[PDB]
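Notes follow once the structure below has been shown.
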Amino acid sequence: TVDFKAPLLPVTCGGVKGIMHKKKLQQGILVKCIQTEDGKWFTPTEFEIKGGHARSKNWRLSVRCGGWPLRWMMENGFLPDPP
Amino acid sequence: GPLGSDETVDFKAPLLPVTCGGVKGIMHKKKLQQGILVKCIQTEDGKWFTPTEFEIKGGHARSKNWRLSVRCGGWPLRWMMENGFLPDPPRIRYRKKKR
DNA sequence: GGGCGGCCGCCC
DNA sequence: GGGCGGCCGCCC
């Protein structure tokens, strides 16, 4: 279940599940903000690689929330776009 | 279905009437040849668009392929290219140096 | 290095 | 014909 407004977002990338912490993402892409079910932590690009999508080189499209690319979440005000 | 419309259009002219959705514009072949990021399509209000900008203006952003969503005489621009009526624009506006 | 636009094959 | 995901290279 997905609440777009929640501080924690369930995300997927190539079938790998994670939990994204918006507060950590807001600190910039060098901060690990996505935690997988074994407790490990990933930056957005690291999670893109983890999900098999290294070649796409765009975590904003490769990482999904409820099936939506994170880019769509940013476009609709649900997720900060890190500067 | 896949064919063009019934209007007469000269496919060899330097300026082509193009359409995307309901939106009409004029494509300047000489500008398209310069590179894909060059504004080459002028709408009637005078505003200018690149091919992908024109696709978005025409309501076809989701298509992500101006070669099929932009038309001339009903024909997709891909058909115009396949038959030598339209150049395929370069990605960049200069010749790459030996690498 | 990273953002992001362009290409186009594959699906529906 | 609408749709969109995988891939990659241009450039800030």
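Values reported hereafter were calculated over all heavy atoms of this structure, with side chains retained and with hydrogens, waters and symmetry mates removed. Residue numbering restarts at 1 for every chain, and letters A, B, ... go by the order of the sequence lines.
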More 5' along DNA chain D: B/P2 or B/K64, using each one's nearest nucleotide?
B/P2
Distance in angstrom units between [X] [atom1] and [N] [atom2], rounded:
X	N	atom1	atom2	answer
A/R71	C/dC4	CZ	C1'	9 Å
B/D88	C/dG6	CG	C1'	11 Å
B/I56	D/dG3	CD1	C1'	15 Å
B/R91	D/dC8	CZ	P	16 Å
B/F54	C/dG6	CZ	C1'	18 Å
A/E46	C/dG1	CD	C1'	14 Å
A/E48	D/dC7	CD	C1'	11 Å
B/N65	D/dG1	CG	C1'	11 Å

Check: B/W79 ring centroid to B/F11 ring centroid under 6.0 Å:
yes
Base, sugar-phosphate, or nothing for [X], non-hydrogen atoms under 4.0 angstrom?
X	value
B/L68	nothing
A/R55	base
B/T52	sugar-phosphate

Between [options], which nucleotide gets closest to the side-chain atoms of [X]?
X	options	answer
A/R60	C/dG6, C/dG3, D/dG6	C/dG3
B/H60	D/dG2, D/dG5, C/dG3	D/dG2
B/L37	C/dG6, D/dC10, C/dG3	C/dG6
A/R64	D/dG5, C/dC7, C/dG3	D/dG5

With a 3.5 Å cut-off and no angle check, do the side chains of A/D38 and A/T36 form a donor-acceptor pair?
yes
Is there a side-chain contact between A/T12 and A/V63 in this structure, where contact means two heavy atoms from C-beta onward sitting under 4.5 Å apart?
no
Are the charged groups of A/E48 and A/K57 less than 4.0 angstrom apart, N to O?
no
So does B/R78 pair up with B/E82, basic N to acidic O under 4.0 Å?
yes
Phosphate OP1/OP2 of D/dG9: any B/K96 side-chain N/O under 4.0 Å
no
Does C/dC7 have OP1 or OP2 under 4.0 Å away from a side-chain N or O of B/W66?
yes
